[PDB]
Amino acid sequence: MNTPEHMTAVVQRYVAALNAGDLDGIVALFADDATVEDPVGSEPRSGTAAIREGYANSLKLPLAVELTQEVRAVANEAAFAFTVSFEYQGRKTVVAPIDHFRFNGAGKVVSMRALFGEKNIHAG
């Protein structure tokens, strides 16, 4: 089983590499066969290649990310509240999702899912 300590560190490392625009940093956290469904309802991004590629796009503007509450972690899974802030064409946006990782035996994230809807997308 994974330790809550380890899952909580991965979540903190994820947030910090997004802030640093550290693509490798983000890719290394996932299993080779990991899936990402971000947002929930959208077509899943499968395998290292697709996931990196997704993250590059999401890194095309500068992001400011913050965990807005304690990480929750138990049984190989973790969830966390946070925000991602960015600016485009003079318009500031703040997205507030809840994300959920599942972790495999090796401590890598095999599944990521991002739940947030239009009502969790705010102005600056």
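Throughout, we count residues from 1 along the sequence that is shown.
S.K.: So 48 to 56 or 74 to 82, which one's hotter by mean CA B-factor in the entry?
M.R.: The deposited B-factors put 48 to 56 ahead on the C-alpha mean.
S.K.: Tell me which of 38 to 46 and 63 to 71 has the higher mean C-alpha B-factor in the deposited entry.
M.R.: If you average the C-alpha B-factors of 38 to 46 and of 63 to 71, the larger mean comes out for 38 to 46.
S.K.: Would you please rank residue 11 by its C-alpha temperature factor against the other modelled residues of its chain and give the third it falls in: lowest, middle or highest?
M.R.: It falls in the bottom third of the chain.
S.K.: Divide the modelled residues of the chain into thirds by Cα B-factor and specify which third, lowest, middle or highest, holds residue 26.
M.R.: Its C-alpha B-factor, which the entry lists for residue 26, ranks in the middle third among residues of this chain.
S.K.: Where does the C-alpha B-factor of residue 108 rank in its chain, lowest, middle or highest third?
M.R.: As the PDB entry reports it, the C-alpha B-factor of residue 108 lands in the highest third of its chain.
S.K.: Using the temperature factors of the C-alpha atoms in this entry, rank residue 32 within its chain: lowest, middle or highest third.
M.R.: Residue 32: CA B-factor falls in the highest third of its chain.
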